[PDB]
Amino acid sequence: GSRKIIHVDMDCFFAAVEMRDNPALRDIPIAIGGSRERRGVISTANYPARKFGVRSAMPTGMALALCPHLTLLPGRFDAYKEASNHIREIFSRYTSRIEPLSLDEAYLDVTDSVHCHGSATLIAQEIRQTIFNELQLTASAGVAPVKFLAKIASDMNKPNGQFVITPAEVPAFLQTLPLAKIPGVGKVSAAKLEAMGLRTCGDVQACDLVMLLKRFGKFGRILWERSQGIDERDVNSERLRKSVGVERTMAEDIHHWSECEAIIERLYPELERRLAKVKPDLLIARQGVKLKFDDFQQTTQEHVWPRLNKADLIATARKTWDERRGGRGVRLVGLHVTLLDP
């Protein structure tokens, strides 16, 4: 019993919406992120800017060093959110079985759909179309019998394209598929696997599951499965937010508690308004805080607590500030809450 999964992905999502709305931004390098002086990074960039080597999650310092004409934008989340909602409604026209992964992404299970002669390919294509219509933005797609494979597929013919992997193509596909392409294998893991000669799924198929479990625990099992092409992960649609936090990095490190306090004062209303949106009584399971120093180490203090309370956060933030700052500078203050379990 094979399934039909479609990963839809908006390309250069933030950038795209900026360009739709401002056509002057179209053929010149632009990016969303914090400024040089604000210690910020790039959220995303448009394709003119990628040309120069500008990637997401990358320090704006490096970004301008690479592309001095870069246009920096602060970004408008309601605009992106509005787009998101729209594209999710568009998904809803084709299935209910929809698992968003973020603003711009979603898994669809279309197996039991009778829309386009059960053609997942025509479904994805009809979805990329109608998204370009009524939004004037561009989406890419990947079709596969499972989640991860559809995900890797969605970035194969981007921008403005889609890629299908049938079960017959799968084994061939996995052979040369590098482990780092698998979602959940970042830099560190990739580096351990390389260090033991593992680069592609091909390489792990020849490995022993026992040893892989000994070395990576449950992550080994995951690897092994994904390598065999196995991904029994069901598309969900029922998933819910488990937590919420608000954090900030200042332009210069701060050294006095008064300043840390001054930060918390400004962060709390934010955290409150945001939590109210989904929990008007403000009733939480745990709250707590977060500092990160100059030596970038990051500590968090969080405890059980009935309802978002400002002074407690201030208190525990002072404890934290004393009991483990050892004279280091501080670059970010952050508040956090863990929502109740329903």
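The first residue of the shown sequence is 1; numbering continues from there.
On average the C-alpha atoms of 30 to 38 have higher B-factors than those of the other stretch, with 311 to 319 and 30 to 38 being the two compared. For the pair 207 to 215 and 156 to 164, the mean B factor over Cα atoms is greater in 207 to 215. By the numbers in the PDB entry, the CA B factor is greatest at 115 among 147, 115, 241, 97. Comparing C-alpha B-factors across 266, 181, 86, 151 in the deposited entry, the largest value falls on 86. Per the PDB record, residue ranking by Cα B-factor puts residue 297 in the highest third of the chain. Looking at the C-alpha B-factors along this chain, the one for residue 133 belongs to the highest third. Sort the modelled residues of the chain by CA B factor and residue 105 lands in the lowest third.
In the PDB entry, a CA B factor belonging to the lowest third of its chain's modelled residues is recorded for residue 284. The PDB entry assigns residue 188 a C-alpha temperature factor belonging to the lowest third of its chain's modelled residues.
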